[PDB]
2 protein chains.
Amino acid sequence: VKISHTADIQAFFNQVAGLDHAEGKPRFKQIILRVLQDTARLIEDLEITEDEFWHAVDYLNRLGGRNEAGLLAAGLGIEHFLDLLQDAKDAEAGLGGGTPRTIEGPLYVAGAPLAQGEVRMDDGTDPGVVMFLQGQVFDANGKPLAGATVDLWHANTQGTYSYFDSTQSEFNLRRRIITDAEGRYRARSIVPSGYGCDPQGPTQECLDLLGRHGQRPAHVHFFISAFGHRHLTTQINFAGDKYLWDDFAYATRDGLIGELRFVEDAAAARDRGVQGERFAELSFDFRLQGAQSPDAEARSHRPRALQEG
Amino acid sequence: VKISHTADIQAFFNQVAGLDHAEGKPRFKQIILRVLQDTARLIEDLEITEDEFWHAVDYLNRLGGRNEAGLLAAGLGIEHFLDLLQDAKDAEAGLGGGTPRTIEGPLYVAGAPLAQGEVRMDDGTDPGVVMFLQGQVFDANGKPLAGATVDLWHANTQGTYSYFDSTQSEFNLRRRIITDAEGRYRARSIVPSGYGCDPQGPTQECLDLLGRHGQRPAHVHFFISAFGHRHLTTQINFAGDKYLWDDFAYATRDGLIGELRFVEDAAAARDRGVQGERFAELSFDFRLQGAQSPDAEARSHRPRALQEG
Ligand SMILES: [Fe+3]
Ligand SMILES: [Fe+3]
């Protein structure tokens with residue numbers, strides 16, 4: 001039984017959307033008219049039962065109250081899909097950039113501590129592997145851009161991010177590094193762990209029904225931007241991780257894999273500001289695009305922890 | 001730019017849905033494959049911006065955390081739409097019932113105090129108008145059904161429901177009345193007020209953008225069921241309410257309007273177990289349908305406050 005195609009019902013969705021008056025935005029009205037016609041068709045095409053419909057509405061309350069809506073768009077590949085479409089859109093406008101882009105994720109936090117060229121990122125709490133992170137920011141041509149900001153955040157060895165994990169100290173593993181004259185950034189930190197969604201959370205309960213896992217490879221998030229250049233959201237995925245190419249949020253891309261190198265020496269005392277038995281080294285450069293508007297460097301208006309806007 | 005129609009993207013949604021393995025439910029897989037193809041098309045057909053997309057994901061967190069998902073399906077006419085489809089479905093199976101059905105609403109609470117034939121519903125707290133509620137439960141033929149349960153709940157004079165409003169006492173304005181030999185129920189209570197959504201809540205902020213109001217007429221909710229009869233969810237809407245036929249959840253239907261009668265007498269001392277100056281009287285009967293399965297009386301599995309199932 002299909003009633004959604006009758007004028008009787010199109011007239012009803014019409015008034016729900018608000019086309020019954022002159023207040024509100026003629027934009028949502030068009031979007032809600034659409035969201036309603038489509039929602040109705042699924043229900044009629046897949047014959048969703050009342051029980052299915054109401055468990056969805058309720059799941060939706062729980063997804064909301066654990067605050068995992070961004071985590072689910074990510075797990076359903078919706079976030080990756082947007083970058084694909086952003087890419088196809090750039091192909092048309094002929095904006096063949098430098099470093100590829102990849103999903104942002106739901107765990108960013110504004111205003112992290114700021115530093116010139118060098119910074120240590122960890123609070124010296126963990127039994128991790130020190131990781132030395134370094135590279136340059138490049139221009140459209142292949143040149144050093146002094147003064148670009150590389151905004152980075154990553155999980156700790158337990159695989160969690162500060163701020164959401166209260167056990168962690170303020171902005172742990174979170175910093176804004178300013179590139180120096182040679183356009184480089186240096187970061188002393190720790191190898192982050194891959195992580196999974198909360199096993200008893202809304203996102204995973206959905207993935208379970210999909211028969212899917214909710215794991216991600218060890219990675220490091222970046223927000224890179226420079227006066228007169230196009231803002232870039234990307235990640236460095238660590239080489240060798242079991243999930244490198246099986247990420248539940250499908251963010252891993254070619255050219256986005258970091259090659260990690262291990263240096264072993266019980267006594268790394270002299271030679272590099274280290275001390276012993278082992279540490280990681282990783283170098284990765286970002287190449288930006290010429291901006292063609294202030295819009296270019298500006299981050300989405302996506303809401304984020306602490307941007308208080 | 002449309003990429004959603006390419007095999008490259010259909011293959012991607014395919015693996016997201018979980019068709020990449022043998023675990024999970026082949027049902028969600030089909031539903032999520034669909035929810036993803038459609039979501040993608042809106043984005044491509046209405047050219048939703050990244051900012052729009054991410055404010056929606058965030059709105060979705062707030063809708064979840066105030067727990068108004070049911071209140072929004074109601075405001076967008078989604079709940080009414082289901083009863084319409086349930087109706088069209090009954091027309092085919094030739095189930096031309098008694099009293100029409102109408103949306104349940106998001107504020108039911110299980111296990112309310114139980115009573116034989118008569119009960120008082122209020123805790124004697126308000127400066128309301130006493131309301132006398134009475135009627136019978138009828139069979140498919142027009143006869144009294146002794147022993148049917150009429151499960152009712154309604155707002156108080158401030159226009160709120162107990163349980164969600166902590167200021168109210170336990171199960172205030174909430175009861176399960178058992179019909180007597182003559183198949184009737186009697187209820188001494190108070191005239192409820194119409195109510196609006198929370199003005200600074202997720203639902204209303206949406207309706208605002210639709211230019212719409214979030215008000216409902218004064219009403220009384222009913223769950224009516226009897227051994228061997230089809231369970232009915234309905235409302236009685238009070239006559240004369242400004243919003244009788246302008247309900248933001250579109251529940252008002254013909255044959256669902258209660259005709260309220262006012263009796264005035266400073267001294268209603270003797271004659272009816274009253275006392276003075278004014279009270280309301282309302283009589284309404286429910287006519288049920290022959291059940292043709294236990295499914296018939298069983299309430300949806302819709303999750304509800306306290307059913308602890
Ligand atoms: Fe992450
Ligand atoms: Fe109500």
# chains A, B, ... in the order shown; residues from 1 in each chain; ligands from 1
>>> interface_residues(of="chain B", to="chain A", cutoff="7 Å", atoms="only C-alpha atoms", output="ChimeraX atom specification")
/B:1,16-18,21,23-25,28-29,50-51,54-55,57,60-65,67,69-70,76-77,89,208-212,300-302
>>> write_last_selection(atoms="N, CA and C atoms", output="tab-separated table (two decimals), in the first residue's frame")
chain	number	residue	atom	x	y	z
B	1	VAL	N	27.18	18.44	-9.50
B	1	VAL	CA	27.99	17.18	-9.50
B	1	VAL	C	27.36	16.02	-8.77
B	16	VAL	N	29.45	-0.54	3.26
B	16	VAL	CA	29.12	0.13	4.50
B	16	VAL	C	27.95	-0.55	5.17
B	17	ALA	N	26.95	-0.87	4.35
B	17	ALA	CA	25.75	-1.53	4.83
B	17	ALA	C	26.07	-2.90	5.49
B	18	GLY	N	27.24	-3.45	5.18
B	18	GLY	CA	27.65	-4.72	5.76
B	18	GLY	C	27.53	-5.92	4.84
B	21	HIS	N	29.95	-9.16	4.43
B	21	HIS	CA	30.11	-10.35	5.27
B	21	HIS	C	28.82	-11.07	5.66
B	23	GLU	N	27.68	-11.77	8.90
B	23	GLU	CA	27.21	-11.51	10.25
B	23	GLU	C	26.13	-10.45	10.15
B	24	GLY	N	25.46	-10.17	11.26
B	24	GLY	CA	24.42	-9.14	11.31
B	24	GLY	C	23.10	-9.51	10.66
B	25	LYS	N	22.15	-8.58	10.60
B	25	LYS	CA	20.84	-8.83	9.96
B	25	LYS	C	20.74	-8.41	8.53
B	28	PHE	N	18.67	-4.91	8.29
B	28	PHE	CA	19.26	-3.57	8.43
B	28	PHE	C	20.13	-3.28	7.27
B	29	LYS	N	20.85	-4.30	6.83
B	29	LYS	CA	21.73	-4.13	5.71
B	29	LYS	C	20.95	-3.54	4.56
B	50	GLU	N	28.58	21.77	3.47
B	50	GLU	CA	29.15	21.04	4.60
B	50	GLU	C	28.59	21.61	5.90
B	51	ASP	N	28.47	22.95	5.97
B	51	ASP	CA	27.93	23.60	7.17
B	51	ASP	C	26.52	23.15	7.47
B	54	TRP	N	26.73	19.49	8.82
B	54	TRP	CA	27.22	19.37	10.19
B	54	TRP	C	26.37	20.06	11.27
B	55	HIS	N	25.55	21.04	10.90
B	55	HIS	CA	24.64	21.64	11.88
B	55	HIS	C	23.50	20.62	12.10
B	57	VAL	N	23.85	17.24	11.87
B	57	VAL	CA	24.41	16.21	12.74
B	57	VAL	C	24.40	16.72	14.20
B	60	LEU	N	20.98	17.03	15.68
B	60	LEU	CA	20.63	15.65	15.99
B	60	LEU	C	21.17	15.20	17.35
B	61	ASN	N	22.27	15.80	17.80
B	61	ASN	CA	22.77	15.45	19.12
B	61	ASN	C	21.91	16.11	20.15
B	62	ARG	N	21.53	17.35	19.88
B	62	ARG	CA	20.70	18.06	20.84
B	62	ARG	C	19.28	17.49	20.88
B	63	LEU	N	18.76	17.04	19.72
B	63	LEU	CA	17.41	16.48	19.70
B	63	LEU	C	17.46	15.24	20.53
B	64	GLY	N	18.57	14.51	20.41
B	64	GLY	CA	18.73	13.30	21.18
B	64	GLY	C	18.85	13.56	22.67
B	65	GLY	N	19.73	14.48	23.05
B	65	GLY	CA	19.92	14.79	24.46
B	65	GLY	C	18.82	15.52	25.24
B	67	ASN	N	15.87	14.53	24.44
B	67	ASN	CA	15.02	13.37	24.22
B	67	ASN	C	13.69	13.72	23.53
B	69	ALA	N	13.03	13.22	20.09
B	69	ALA	CA	12.91	12.58	18.80
B	69	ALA	C	11.46	12.19	18.51
B	70	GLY	N	10.74	11.76	19.52
B	70	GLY	CA	9.36	11.39	19.30
B	70	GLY	C	8.55	12.67	19.13
B	76	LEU	N	6.50	16.86	12.75
B	76	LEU	CA	6.65	16.84	11.31
B	76	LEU	C	5.53	16.04	10.63
B	77	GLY	N	4.57	15.60	11.43
B	77	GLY	CA	3.44	14.89	10.88
B	77	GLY	C	3.71	13.45	10.54
B	89	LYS	N	-4.14	0.51	5.30
B	89	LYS	CA	-3.90	-0.91	5.34
B	89	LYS	C	-5.12	-1.62	5.88
B	208	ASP	N	10.27	26.61	14.30
B	208	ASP	CA	10.41	28.04	14.07
B	208	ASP	C	10.89	28.31	12.68
B	209	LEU	N	11.86	27.51	12.24
B	209	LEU	CA	12.42	27.65	10.91
B	209	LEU	C	11.40	27.26	9.87
B	210	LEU	N	10.35	26.58	10.31
B	210	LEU	CA	9.31	26.24	9.38
B	210	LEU	C	8.23	27.32	9.42
B	211	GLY	N	8.39	28.26	10.34
B	211	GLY	CA	7.46	29.35	10.55
B	211	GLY	C	6.28	28.84	11.35
B	212	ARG	N	6.41	27.63	11.88
B	212	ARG	CA	5.30	27.02	12.61
B	212	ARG	C	5.24	27.09	14.13
B	300	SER	N	2.16	-1.45	20.48
B	300	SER	CA	3.33	-1.57	19.64
B	300	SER	C	4.43	-1.91	20.63
B	301	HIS	N	5.60	-2.29	20.13
B	301	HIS	CA	6.71	-2.56	21.04
B	301	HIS	C	7.39	-1.21	21.26
B	302	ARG	N	6.73	-0.14	20.84
B	302	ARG	CA	7.31	1.16	21.06
B	302	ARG	C	7.78	1.24	22.52
>>> residues_near_ligand(ligand="ligand 1", cutoff="10 Å", atoms="only C-alpha atoms and all ligand atoms", output="number ranges by chain")
A: 103-108, 153-155, 159-161, 192-196, 216-221, 235, 249, 251
>>> closest_residue(among="B:200, B:116, B:169, B:237", to="ligand 2", atoms="only C-alpha atoms and all ligand atoms")
B:237
>>> select_by_dssp(residues="region 201-266 of chain B", states="helix (DSSP H, G or I)", output="list in words")
residues 202, 203, 204, 205, 206, 207, 208, 209 and 210 of chain B
>>> atom_distance(atom1="CA of residue 123 (chain A)", atom2="CA of residue 148 (chain A)")
24.9 Å
>>> atom_distance(atom1="CA of residue 224 (chain A)", atom2="CA of residue 188 (chain A)")
18.4 Å
>>> residues_around(residues="residue 267 (chain A)", least_positions_apart="3", cutoff="10 Å", atoms="only C-alpha atoms", output="PyMOL selection string")
chain A and resi 264+270+274-278
>>> residues_around(residues="residue 190 (chain B)", least_positions_apart="2", cutoff="6 Å", atoms="only C-alpha atoms", output="PyMOL selection string")
chain B and resi 129-131
>>> closest_residue(among="A:294, A:111, A:128, A:100", to="residue 189 (chain A)", atoms="only C-alpha atoms")
A:128
>>> atom_distance(atom1="CA of residue 141 (chain A)", atom2="CA of residue 282 (chain A)")
23.3 Å
>>> closest_residue(among="B:286, B:272, B:109, B:99", to="residue 185 (chain B)", atoms="only C-alpha atoms")
B:286
>>> select_by_dssp(residues="region 257-286 of chain A", states="strand (DSSP E or B)", output="PDB file with N, CA and C atoms, in the first residue's frame")
ATOM      1  N   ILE A 257      49.723   7.716   4.210  1.00  0.00           N
ATOM      2  CA  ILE A 257      50.339   6.756   5.111  1.00  0.00           C
ATOM      3  C   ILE A 257      51.732   7.183   5.557  1.00  0.00           C
ATOM      4  N   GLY A 258      51.915   7.275   6.865  1.00  0.00           N
ATOM      5  CA  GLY A 258      53.193   7.665   7.403  1.00  0.00           C
ATOM      6  C   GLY A 258      54.059   6.436   7.524  1.00  0.00           C
ATOM      7  N   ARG A 261      59.758   4.899  11.496  1.00  0.00           N
ATOM      8  CA  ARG A 261      61.082   4.284  11.609  1.00  0.00           C
ATOM      9  C   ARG A 261      61.476   4.187  13.067  1.00  0.00           C
ATOM     10  N   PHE A 262      61.834   2.977  13.482  1.00  0.00           N
ATOM     11  CA  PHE A 262      62.254   2.751  14.849  1.00  0.00           C
ATOM     12  C   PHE A 262      63.759   2.789  15.068  1.00  0.00           C
ATOM     13  N   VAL A 263      64.173   3.567  16.057  1.00  0.00           N
ATOM     14  CA  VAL A 263      65.578   3.693  16.405  1.00  0.00           C
ATOM     15  C   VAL A 263      65.773   2.980  17.758  1.00  0.00           C
ATOM     16  N   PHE A 279      62.475   4.419  20.232  1.00  0.00           N
ATOM     17  CA  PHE A 279      61.615   5.562  19.979  1.00  0.00           C
ATOM     18  C   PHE A 279      61.272   5.573  18.493  1.00  0.00           C
ATOM     19  N   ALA A 280      60.211   6.289  18.130  1.00  0.00           N
ATOM     20  CA  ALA A 280      59.775   6.325  16.746  1.00  0.00           C
ATOM     21  C   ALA A 280      60.132   7.637  16.124  1.00  0.00           C
ATOM     22  N   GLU A 281      60.255   7.613  14.803  1.00  0.00           N
ATOM     23  CA  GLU A 281      60.562   8.801  14.013  1.00  0.00           C
ATOM     24  C   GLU A 281      59.690   8.754  12.797  1.00  0.00           C
ATOM     25  N   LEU A 282      59.081   9.883  12.505  1.00  0.00           N
ATOM     26  CA  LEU A 282      58.174   9.974  11.388  1.00  0.00           C
ATOM     27  C   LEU A 282      58.258  11.378  10.777  1.00  0.00           C
ATOM     28  N   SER A 283      58.424  11.424   9.463  1.00  0.00           N
ATOM     29  CA  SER A 283      58.510  12.714   8.794  1.00  0.00           C
ATOM     30  C   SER A 283      57.454  12.741   7.707  1.00  0.00           C
ATOM     31  N   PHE A 286      53.264  18.585   4.248  1.00  0.00           N
ATOM     32  CA  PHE A 286      51.962  18.899   3.699  1.00  0.00           C
ATOM     33  C   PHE A 286      52.210  19.948   2.659  1.00  0.00           C
TER      34      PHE A 286
END
>>> residues_around(residues="residue 291 (chain B)", least_positions_apart="3", cutoff="7 Å", atoms="only C-alpha atoms", output="NGL selection string")
:B and (228-230 or 296)
>>> write_last_selection(atoms="N, CA, C and O atoms", output="short mmCIF file (atom, residue, chain, number, x, y, z; two decimals), in the first residue's frame")
data_model
loop_
_atom_site.label_atom_id
_atom_site.label_comp_id
_atom_site.auth_asym_id
_atom_site.auth_seq_id
_atom_site.Cartn_x
_atom_site.Cartn_y
_atom_site.Cartn_z
N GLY B 228 -9.72 -10.40 23.56
CA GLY B 228 -10.41 -10.75 22.32
C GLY B 228 -10.85 -9.59 21.45
O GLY B 228 -11.75 -9.71 20.61
N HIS B 229 -10.21 -8.44 21.66
CA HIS B 229 -10.55 -7.26 20.88
C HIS B 229 -9.27 -6.53 20.43
O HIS B 229 -8.18 -6.76 20.96
N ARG B 230 -9.39 -5.71 19.39
CA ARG B 230 -8.24 -5.01 18.86
C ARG B 230 -7.90 -3.75 19.67
O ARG B 230 -8.74 -2.88 19.87
N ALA B 296 -3.53 -8.50 17.87
CA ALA B 296 -4.58 -7.51 17.96
C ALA B 296 -4.50 -6.65 19.23
O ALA B 296 -4.48 -5.43 19.10
#
>>> decode(residues="region 184-209 of chain B", atoms="N, CA, C and O atoms", output="PDB file, in the first residue's frame")
ATOM      1  N   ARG B 184     -18.995   0.310  31.633  1.00  0.00           N
ATOM      2  CA  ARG B 184     -18.673   1.719  31.728  1.00  0.00           C
ATOM      3  C   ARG B 184     -17.508   2.065  32.638  1.00  0.00           C
ATOM      4  O   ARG B 184     -17.088   1.268  33.484  1.00  0.00           O
ATOM      5  N   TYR B 185     -16.974   3.263  32.421  1.00  0.00           N
ATOM      6  CA  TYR B 185     -15.855   3.776  33.190  1.00  0.00           C
ATOM      7  C   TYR B 185     -16.317   5.150  33.623  1.00  0.00           C
ATOM      8  O   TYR B 185     -17.040   5.827  32.877  1.00  0.00           O
ATOM      9  N   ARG B 186     -15.906   5.540  34.828  1.00  0.00           N
ATOM     10  CA  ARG B 186     -16.244   6.838  35.444  1.00  0.00           C
ATOM     11  C   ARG B 186     -14.941   7.484  35.940  1.00  0.00           C
ATOM     12  O   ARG B 186     -14.163   6.841  36.634  1.00  0.00           O
ATOM     13  N   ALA B 187     -14.686   8.742  35.603  1.00  0.00           N
ATOM     14  CA  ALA B 187     -13.446   9.369  36.075  1.00  0.00           C
ATOM     15  C   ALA B 187     -13.598  10.810  36.570  1.00  0.00           C
ATOM     16  O   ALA B 187     -13.961  11.696  35.812  1.00  0.00           O
ATOM     17  N   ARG B 188     -13.321  11.033  37.848  1.00  0.00           N
ATOM     18  CA  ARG B 188     -13.393  12.370  38.451  1.00  0.00           C
ATOM     19  C   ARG B 188     -11.982  12.953  38.293  1.00  0.00           C
ATOM     20  O   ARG B 188     -11.012  12.387  38.789  1.00  0.00           O
ATOM     21  N   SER B 189     -11.853  14.065  37.586  1.00  0.00           N
ATOM     22  CA  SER B 189     -10.519  14.619  37.382  1.00  0.00           C
ATOM     23  C   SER B 189     -10.527  16.155  37.218  1.00  0.00           C
ATOM     24  O   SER B 189     -11.264  16.856  37.934  1.00  0.00           O
ATOM     25  N   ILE B 190      -9.680  16.678  36.326  1.00  0.00           N
ATOM     26  CA  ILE B 190      -9.641  18.116  36.061  1.00  0.00           C
ATOM     27  C   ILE B 190      -9.409  18.434  34.586  1.00  0.00           C
ATOM     28  O   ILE B 190      -8.706  17.716  33.873  1.00  0.00           O
ATOM     29  N   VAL B 191     -10.019  19.508  34.116  1.00  0.00           N
ATOM     30  CA  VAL B 191      -9.855  19.891  32.722  1.00  0.00           C
ATOM     31  C   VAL B 191      -8.381  20.158  32.454  1.00  0.00           C
ATOM     32  O   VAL B 191      -7.787  21.000  33.096  1.00  0.00           O
ATOM     33  N   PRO B 192      -7.774  19.433  31.505  1.00  0.00           N
ATOM     34  CA  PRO B 192      -6.358  19.586  31.155  1.00  0.00           C
ATOM     35  C   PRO B 192      -6.136  20.768  30.265  1.00  0.00           C
ATOM     36  O   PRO B 192      -7.042  21.226  29.618  1.00  0.00           O
ATOM     37  N   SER B 193      -4.919  21.272  30.213  1.00  0.00           N
ATOM     38  CA  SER B 193      -4.661  22.403  29.335  1.00  0.00           C
ATOM     39  C   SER B 193      -3.905  21.947  28.098  1.00  0.00           C
ATOM     40  O   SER B 193      -3.220  20.897  28.098  1.00  0.00           O
ATOM     41  N   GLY B 194      -4.067  22.731  27.035  1.00  0.00           N
ATOM     42  CA  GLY B 194      -3.329  22.467  25.824  1.00  0.00           C
ATOM     43  C   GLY B 194      -1.910  22.848  26.231  1.00  0.00           C
ATOM     44  O   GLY B 194      -1.697  23.484  27.281  1.00  0.00           O
ATOM     45  N   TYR B 195      -0.923  22.471  25.435  1.00  0.00           N
ATOM     46  CA  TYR B 195       0.449  22.787  25.774  1.00  0.00           C
ATOM     47  C   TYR B 195       1.281  22.995  24.540  1.00  0.00           C
ATOM     48  O   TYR B 195       0.886  22.651  23.445  1.00  0.00           O
ATOM     49  N   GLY B 196       2.440  23.591  24.713  1.00  0.00           N
ATOM     50  CA  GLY B 196       3.305  23.813  23.577  1.00  0.00           C
ATOM     51  C   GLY B 196       4.621  23.119  23.833  1.00  0.00           C
ATOM     52  O   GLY B 196       4.895  22.709  24.965  1.00  0.00           O
ATOM     53  N   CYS B 197       5.434  22.978  22.794  1.00  0.00           N
ATOM     54  CA  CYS B 197       6.730  22.344  22.964  1.00  0.00           C
ATOM     55  C   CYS B 197       7.553  23.321  23.770  1.00  0.00           C
ATOM     56  O   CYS B 197       7.162  24.461  23.932  1.00  0.00           O
ATOM     57  N   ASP B 198       8.692  22.878  24.275  1.00  0.00           N
ATOM     58  CA  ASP B 198       9.567  23.764  25.030  1.00  0.00           C
ATOM     59  C   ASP B 198      10.073  24.832  24.052  1.00  0.00           C
ATOM     60  O   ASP B 198      10.704  24.503  23.038  1.00  0.00           O
ATOM     61  N   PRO B 199       9.806  26.118  24.338  1.00  0.00           N
ATOM     62  CA  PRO B 199      10.234  27.214  23.458  1.00  0.00           C
ATOM     63  C   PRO B 199      11.728  27.308  23.149  1.00  0.00           C
ATOM     64  O   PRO B 199      12.123  27.842  22.114  1.00  0.00           O
ATOM     65  N   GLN B 200      12.555  26.774  24.034  1.00  0.00           N
ATOM     66  CA  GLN B 200      13.993  26.801  23.813  1.00  0.00           C
ATOM     67  C   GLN B 200      14.490  25.371  23.645  1.00  0.00           C
ATOM     68  O   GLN B 200      15.598  25.038  24.046  1.00  0.00           O
ATOM     69  N   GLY B 201      13.641  24.526  23.067  1.00  0.00           N
ATOM     70  CA  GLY B 201      13.991  23.139  22.839  1.00  0.00           C
ATOM     71  C   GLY B 201      14.236  22.868  21.364  1.00  0.00           C
ATOM     72  O   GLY B 201      13.815  23.653  20.504  1.00  0.00           O
ATOM     73  N   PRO B 202      14.853  21.725  21.035  1.00  0.00           N
ATOM     74  CA  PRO B 202      15.171  21.329  19.660  1.00  0.00           C
ATOM     75  C   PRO B 202      13.971  21.294  18.709  1.00  0.00           C
ATOM     76  O   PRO B 202      14.057  21.775  17.568  1.00  0.00           O
ATOM     77  N   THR B 203      12.866  20.713  19.162  1.00  0.00           N
ATOM     78  CA  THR B 203      11.677  20.631  18.329  1.00  0.00           C
ATOM     79  C   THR B 203      11.187  22.013  17.864  1.00  0.00           C
ATOM     80  O   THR B 203      11.036  22.280  16.668  1.00  0.00           O
ATOM     81  N   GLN B 204      10.957  22.903  18.813  1.00  0.00           N
ATOM     82  CA  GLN B 204      10.488  24.234  18.486  1.00  0.00           C
ATOM     83  C   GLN B 204      11.497  25.005  17.633  1.00  0.00           C
ATOM     84  O   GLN B 204      11.122  25.759  16.741  1.00  0.00           O
ATOM     85  N   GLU B 205      12.789  24.832  17.877  1.00  0.00           N
ATOM     86  CA  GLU B 205      13.703  25.598  17.058  1.00  0.00           C
ATOM     87  C   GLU B 205      13.544  25.144  15.625  1.00  0.00           C
ATOM     88  O   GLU B 205      13.697  25.963  14.713  1.00  0.00           O
ATOM     89  N   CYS B 206      13.188  23.877  15.404  1.00  0.00           N
ATOM     90  CA  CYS B 206      12.981  23.431  14.036  1.00  0.00           C
ATOM     91  C   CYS B 206      11.694  24.061  13.477  1.00  0.00           C
ATOM     92  O   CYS B 206      11.707  24.696  12.420  1.00  0.00           O
ATOM     93  N   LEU B 207      10.583  23.866  14.183  1.00  0.00           N
ATOM     94  CA  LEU B 207       9.308  24.438  13.776  1.00  0.00           C
ATOM     95  C   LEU B 207       9.436  25.935  13.522  1.00  0.00           C
ATOM     96  O   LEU B 207       8.779  26.488  12.635  1.00  0.00           O
ATOM     97  N   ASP B 208      10.270  26.610  14.297  1.00  0.00           N
ATOM     98  CA  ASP B 208      10.411  28.038  14.068  1.00  0.00           C
ATOM     99  C   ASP B 208      10.889  28.312  12.678  1.00  0.00           C
ATOM    100  O   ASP B 208      10.431  29.272  12.044  1.00  0.00           O
ATOM    101  N   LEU B 209      11.857  27.509  12.242  1.00  0.00           N
ATOM    102  CA  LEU B 209      12.419  27.646  10.909  1.00  0.00           C
ATOM    103  C   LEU B 209      11.396  27.259   9.874  1.00  0.00           C
ATOM    104  O   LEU B 209      11.558  27.538   8.693  1.00  0.00           O
TER     105      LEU B 209
END
